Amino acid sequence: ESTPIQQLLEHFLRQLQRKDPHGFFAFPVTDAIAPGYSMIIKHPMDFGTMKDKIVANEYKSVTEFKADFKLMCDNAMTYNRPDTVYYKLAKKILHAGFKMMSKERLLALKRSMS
């Protein structure tokens, strides 16, 4: 059993995960691979956690989905230094999400949806 909003969020999540072929954003970061992570980053987030929330119908809106997506990217831009692959990939993914899920793009989706 699924709903229109779950199918829409699954589509955005799939498109964003395509930009992360190696799965750096696929599951939670552990301190063993990222020293000090859990001290620096107080509110972890990852694409696997977001998928689970979609399945449990925990997002009321695209705005709520975007807030978890932005948190994930911000954590990576805060913890990692700028010359690292994780910092650079976080910027690429976040730029893609801004364009995919902007207020303007959603407006048009709604009108067509009416």
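All residue numbers refer to positions in the sequence shown, first residue = 1. Each form is matched to the other, and the largest set of C-alpha atoms that superpose within 1.5 Å is called the rigid core.
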query	finding
Of 94-102 and 14-22, which departs more from this form in 9 other deposited structures of this protein by CA RMS after core fitting	94-102
Higher-deviation stretch (C-alpha RMS, rigid core fit) in 9 other deposited structures of this protein, choosing from 45-53 and 30-38	30-38
Mean C-alpha temperature factor, higher of 2-10 and 103-111	103-111
Stretch with the higher entry mean CA B-factor, where the candidates are 64-72 and 35-43	35-43
Which of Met77, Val29, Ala26, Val55 ranks first by CA B-factor in the deposited coordinates	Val55
Cα B factor band for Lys19 (lowest, middle or highest third within the chain)	highest
